[PDB]
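Here's a solo chain for you in structure tokens, the form deposited in one PDB entry.
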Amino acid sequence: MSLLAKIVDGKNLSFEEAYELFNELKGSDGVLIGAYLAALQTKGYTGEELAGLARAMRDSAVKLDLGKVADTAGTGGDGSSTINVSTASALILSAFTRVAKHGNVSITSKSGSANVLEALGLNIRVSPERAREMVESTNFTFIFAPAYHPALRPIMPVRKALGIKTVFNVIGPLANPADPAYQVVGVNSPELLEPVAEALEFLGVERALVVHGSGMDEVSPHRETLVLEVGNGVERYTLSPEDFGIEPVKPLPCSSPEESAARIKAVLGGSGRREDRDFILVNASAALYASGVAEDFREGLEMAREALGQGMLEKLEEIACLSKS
């Protein structure tokens, strides 16, 4: 109970202490888990704490060694309910480089990653061998978090009972057991930009963008996006739709995973609504930039827009087929 006492007194844990905190949490009674999650949330987190917890979560996870891979994710929470751009970006990115998309840590999955992918015809539960098969021949696989993180099984009831944002919203994206070399990570508030960028440094990522787009855990196609770039230290800069070569446009809402799937598929096949296409493309651009496929965000968008068409729809068919074979 000394770690709890440390947290309640307003003291930030070390990396090593946060690592041991995860391991205490996975074998604790619900009462103590609840106390820890609530207390840590009230205090707020540093990058060392996030990194420690994330490292522990990865170490406890079902083992998989795909290549050097990229991943795109968000903390979620957010507020508004738009289409799942991190899924579309990950699919578009697989046209250029190896992608291992880590699944939704949160239960609130309306227009959510696993759900959109199921609706697009994938089997979302894939063994580590099947995952490797999928990355070798299609450059895409999906890592479904409940399947790959058995240590969370006792944590999940406690997260439902509490019904608040916890640290598990934030470390979900940082706990991909494939150890992605490249990451785009969206955060729901500007206050998570610094901790999350720092945590990705501790986790030894090659290149990463931590993004916040004016109230969204995504790159905005309308107003400005705050970016922290991790790689040669940490670099802060601001983007706008002009930087991707598009006219500002407001993304429009989404009702259900089936609506999400159809709109994404429309965009992936070279068609779809402008507000969906440009929103997906600015997020795809960031992912191509983070992966080192594109030199800048304008080129990232150019390349992603050109990947859209019949070839992307047959790529999606082959991913689906291969997930169920």
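We number the residues from 1 along the sequence you see. The term rigid core refers to the most C-alpha atoms you can superpose between the two forms while keeping them within 1.5 Å.
Per the PDB record, of the two stretches 313-321 and 300-308, 313-321 carries the greater mean B-factor over its C-alpha atoms. Relative to its counterpart among 111-119 and 173-181, 111-119 has the higher mean temperature factor, C-alpha atoms as listed in the PDB entry. Listed residues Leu37, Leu64, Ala294, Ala51 were ranked by CA B-factor as deposited; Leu64 comes out on top. In the deposited coordinates, the residue among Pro221, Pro154, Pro195, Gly186 with the greatest CA B-factor is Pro154.
For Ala199, the recorded CA B-factor ranks within the lowest third of the chain. Only modelled residues enter the ranking. In this PDB entry, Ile92 carries a Cα temperature factor that places it within the lowest third of its chain's modelled residues. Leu209: CA B factor in the lowest third of modelled residues in this chain (values from the PDB entry). In the deposited entry, the Cα temperature factor of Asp276 places it in the middle third of its chain's modelled residues. In this PDB entry, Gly27 carries a Cα temperature factor that places it within the highest third of its chain's modelled residues.
The form deposited in another entry exists for this protein as well; it is not shown, and the discussion that follows is about that form.
Candidate set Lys160, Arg236, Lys110, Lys250; criterion, C-alpha shift of 2 Å or more between this form and the one not shown after rigid-core fit; matching residue, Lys110. Relative to this form, in the other entry the C-alpha atoms of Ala178 and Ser111 approach one another by 3 angstroms or more. Between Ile280 and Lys110, the Cα spacing is larger in the other entry than in the shown form, differing by no less than 3 Å.
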